[PDB]
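>>> these chains are from a complex, not moved at all, and more is on the way:
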Amino acid sequence: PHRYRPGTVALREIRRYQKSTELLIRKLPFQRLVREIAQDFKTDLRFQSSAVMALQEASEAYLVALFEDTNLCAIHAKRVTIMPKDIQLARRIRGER
């Protein structure tokens, strides 16, 4: 048998995902999500593909910034794990809730 101790196959894939820059979200579920929550404001809309790409890039950047600030809160509380009170704290402090 062969196993790694936990944390090793975290730190690798951290270096890997900080090198590679493409999408990280499969685009047809995201396009169906956009069409779902745009159904409720107007029926029979018609998205260009570049608009869906722009929404994908903006939402990806927003989630990455939110997880960086959540990581700062979690290291501040003398833990390593992330719990949802950290995310609620970060959106409380930033001024969006």
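Nice, thanks for sending it over. Residues are numbered from 1 along each chain as shown, chains lettered A, B, ... in the order given.
>>> Grab the most central residue of chain A for me.
Centroid-nearest residue in chain A, with C-alpha atoms, centre = their mean: residue A:63, separated by 3.4 Å.
>>> In chain A, which helix is the longest?
Longest helix of chain A, by residue count under DSSP state H: helix A:49-76.
>>> Check which helices and strands the helix or strand just after it sits against.
The helix or strand immediately downstream of helix A:49-76 is helix A:84-94, counting by DSSP states H and E. Applying 3 or more C-beta pairs under 8 Å, 6 or more residues apart in numbering; DSSP states H and E, one finds that helix A:84-94 contacts helix A:49-76. From N, CA and C alone the C-beta is placed, and that goes for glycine too.
>>> Check which residues of the helix it packs on are buried.
For helix A:49-76, a neighbour-count test (16 or more other C-beta atoms under 10 Å) marks A:55, A:56, A:69, A:70, A:73, A:74 as buried.
>>> ok, now which ones touch the fourth one?
Residues in contact with residue A:70 (C-beta atoms under 8 Å, 6 or more residues apart in numbering) are A:82, A:86, A:87, A:90.
>>> same question, the second one
For residue A:56, the residues meeting the contact criterion (C-beta under 8 Å, 6+ apart) are A:23, A:25, A:27, A:30.
>>> same thing but at 7 Å, please
Listed by C-beta atoms under 7 Å, 6 or more residues apart in numbering, the contact set of residue A:56 reads A:25, A:27, A:30.
>>> One more: the first one?
Residues in contact with residue A:55 (C-beta under 7 Å, 6+ apart) are residue A:34.
>>> next one: the third one
In this structure, residue A:69 makes contact with residue A:90, judged by C-beta under 7 Å, 6+ apart.
>>> tell me which element the closest residue to residue A:45 other than its chain neighbours falls in.
Nearest residue to residue A:45, sequence neighbours excluded (C-beta to C-beta, 6 or more residues apart in numbering): residue A:38, at 5.7 Å. Secondary structure from DSSP H and E places residue A:38 in helix A:27-39.
>>> Flag every buried residue along that helix.
Under the neighbour-count criterion of 16+ other C-beta under 10 Å, helix A:27-39 has A:30, A:31, A:34 buried.
>>> on that earlier part again, just curious, which of the contacts of residue A:56 is nearest to residue A:49?
Closest approach to residue A:49 among the contacts of residue A:56 (C-beta to C-beta): residue A:27, at 9.5 Å.
>>> attach chain B to the model above:
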Amino acid sequence: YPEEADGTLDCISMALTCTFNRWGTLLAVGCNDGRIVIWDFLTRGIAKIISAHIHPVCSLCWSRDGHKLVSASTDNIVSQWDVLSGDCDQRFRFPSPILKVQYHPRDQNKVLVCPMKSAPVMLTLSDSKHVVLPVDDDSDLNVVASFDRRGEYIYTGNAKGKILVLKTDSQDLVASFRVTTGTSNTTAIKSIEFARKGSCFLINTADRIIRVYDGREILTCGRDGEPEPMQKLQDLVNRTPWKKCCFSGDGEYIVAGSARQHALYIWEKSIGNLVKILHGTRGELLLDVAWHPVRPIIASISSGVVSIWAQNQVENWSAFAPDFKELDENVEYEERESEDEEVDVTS
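If we add chain B to the chains shown above, we get the following:
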């Protein structure tokens, strides 16, 4: 006067038009595949389903007796039905497709039918003796006409702008005026509707302006008159063209539906301001709007969906207590210590 959402009808899809009787009990939902669905208010049920035709049923009209509808389609048959068991009494396979049917209110042998191209000619029930209503110009190809409230006259409307008035059966040319649309460019007419008390009426023009006139004013005008309107209605912000207009149960609150946005606008006859804008599903396009005569609830026909718009009596019901008025702070008054008329009951 309607202010809520209050519910809707997912019963039978592909709704196209409806209207009411004098009493406001049923609801004749016109359908695309040649059907008239009849639904009830106070029992909320569907009594009779007349599977009339297969073609789009365009126009409908109830009569006063509570027995005789009249309709037409791209089947192009001036039909008739009865609500007891669905009895198609008559069947008039005719050319030149139809837009609107209209009875005389009490002489219900005479119905008034608008064809596609030429003048509306007064049909009957039994005989084919249609009474030709003479339109002079005849180059407009879309001319609409109607009765007054009591069936005492015939009002007409061309596409140029000239309005002529005839007697209800012998066609006395008594009134003649062209409408004062713009300065150099006039406009056509799309509908003219009438109340249940009084002789005020609206002129649904096609430069996005509703104009309102009275019957006594134009009978005083008569031949070669220039009747000024009682009221000029529009909406300059949203720049909206109109589809179908109607009146209130007293002829006070004009209910005109849009043609772009699925919204109702409600005015007053006297003052002339907007009072409330109604709304619904933002992703529809509205065709027909029904007003209820004795109790102000509206029906809206779009995408096969018909909606009931009441006001819920949010004030309260006050059936039990005309007495028992409220004291806010604890008011105390505890000092105190303690065959004239004969009316015919059998009337």
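>>> Chain B added, so what about the contacts of residue A:56 now?
Residue A:56 is in contact with A:25, A:27, A:30, counting by C-beta atoms under 7 Å, 6 or more residues apart in numbering or on different chains.
>>> ok, now which ones touch the closest residue to chain A within chain B?
Closest residue of chain B to chain A, C-beta to the nearest C-beta: residue B:283 (2.9 Å). Residue B:283 makes contact with A:42, A:43, A:44, according to C-beta under 7 Å, 6+ apart.
>>> ok, and the closest non-adjacent residue to the first one?
Distances taken as C-beta to C-beta, 6 or more residues apart in numbering or on different chains place residue B:283 nearest to residue A:42, at 5.7 Å, with adjacent residues excluded.
>>> again with residue B:246
Closest to residue B:246 by C-beta to C-beta, 6+ apart is residue B:291, at 4.8 Å.
>>> from what I can see the one you found touches residue B:255, true?
Yes - if you go by C-beta atoms under 7 Å, residue B:291 and residue B:255 touch, sitting 5.6 Å apart.
>>> Please identify every residue contacting each of the two.
Listed as contacting both residue B:291 and residue B:255 by C-beta under 7 Å, 6+ apart are B:246, B:248, B:298.
>>> With neighbour count and secondary structure as new columns, can those residues be given to me in JSON lines?
Shown next, in JSON lines, are those (neighbours: other C-beta atoms under 10 Å in any protein chain shown; DSSP: H, G, I helix; E, B strand; the rest coil):
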{"residue": "B:246", "neighbour count": "20", "secondary structure": "strand"}
{"residue": "B:248", "neighbour count": "21", "secondary structure": "coil"}
{"residue": "B:298", "neighbour count": "21", "secondary structure": "strand"}
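>>> What residues sit buried inside stretch B:82-90?
Under the neighbour-count criterion of 16 or more other C-beta atoms under 10 Å in any protein chain shown, stretch B:82-90 has residue B:83 buried.
>>> Contacts for the helix or strand hosting residue B:113 next, please.
Using DSSP H and E, the element containing residue B:113 is strand B:110-114. By C-beta under 7 Å, 6+ apart, the residues outside strand B:110-114 that reach it are B:70, B:78, B:98-104, B:120, B:122-124, B:144-147.
>>> in its sheet, what does that strand sit against?
Here strand B:110-114 is paired, per DSSP bridges, with strand B:100-103 (antiparallel), strand B:121-124 (antiparallel).
>>> Please identify the most buried of the ones you listed.
Mean neighbour count (mean count of other C-beta atoms under 10 Å in any protein chain shown) peaks for strand B:100-103 among these, with a mean of 20.
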